[PDB]
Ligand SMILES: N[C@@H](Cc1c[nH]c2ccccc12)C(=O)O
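Taking the form deposited without this ligand, here's one chain by itself in structure tokens.
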């Protein structure tokens, strides 16, 4: 029978009738991403006024910061945000039905000699969002931006010496919005890799150094920072885990959570357990309860185990993945908890989407999330209603898990590009060095 299509979502259709677009790229970005976004909000039980509110802020404040509409046939900025280098991604917190999105701000100077590593554009996006949420605070943002991203003179140096960085993805920072209660919370993610190159320091040194400087004025983050650094040092110089980025909430320093992210190139349950417990340092009842759910998710998802290289820097659009990625975990430095809190990522990108959806659905049923369980797969298909669904192997980028207040928090991060009726407006998943199938 005729199946659900996200291009039918009413808020999408109504807003399309109302909006001014002065630029073809913004119009394309809207029609490419809004069907899925509107459908995701609807299915997550956002009220109709909230659906309008969040889509309008997205169109007016965010779309103009997404750059040219991405194609393989013209130059575009390649973002670390997705494997295809596109600068936008939706995520759903399945436990509390909160929609989130992340984007990499891009403007006219991005990738030119005025801003060759895209270190300046974020300020222009912040200019547009700030008036809408008076609780936004940039104190920590400013600190990490200064310490962990390229400044103008480092940018000029690296641009003139760009053979040092070749095909490296250049993203310095992204923003994320969590959509709740007619408001939004803003977060930043900061990528110190190129700052490490220009300074001759390691990412570890930059990140731990910057947080320690912050801890002079906010001493409450020091105990978990110290524990995290001890855990890291205990793994030795041949460790499979390495620090790669930081994030923080753009809110009052009293409340903001700093997260430090470790890439974990060993894909194994043992590696994920070691991260979850920080090498047996984090052993309390609630942690061990959460660990049983990590193990259940591990068993359901069936990631391809073993050591993983870094992948190709990006995939051209239209290309079917033939790859498996490292794991990742991050650690929150809670102001009221001496032990860092882990969140782990099951990196599913490249795996069969219908099998991942089945694993998620089983997990949802086991948690008694009966709404999520019966709607998830039908809704996911509606995002890409013209696709050969059983062959897809790139919709689920990763699944994140944390356990706090004895509550499982599971989020899915999903390909968000050319959704709904876009596709109408030789089975590669099963060849190459990996097999992906139902």
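Residue numbers count along the first chain shown, from 1.
The same protein also has a form deposited with this ligand bound, omitted here; what follows describes it.
Though this ligand is absent from this view, in the deposited bound form it lies within 4.5 Å of a heavy atom of just one residue from 145, 170, 244, 120, which is 244. Just one of 328, 197, 250, 357 comes within 4.5 Å of this ligand in the deposited bound form, counting any heavy atom, and that one is 328. Exactly one of the stretches 124-132, 232-240, 187-195, 153-161 approaches this ligand in the deposited bound form with heavy atoms within 4.5 Å, and it is 187-195. In the deposited bound form, none of the heavy atoms of residue 297 sits within 4.5 Å of a heavy atom of this ligand.
Among heavy atoms of residue 278, none comes within 4.5 Å of this ligand in the deposited bound form. By the criterion of a heavy atom within 4.5 Å, residue 89 is counted among the residues contacting this ligand in the deposited bound form. This ligand is not shown here, and in the deposited bound form it never comes within 4.5 Å of any heavy atom of residue 369. Within 4.5 angstroms of this ligand in the deposited bound form, the stretch 380-418 places a non-hydrogen atom from each of 398, 413, taken in sequence order.
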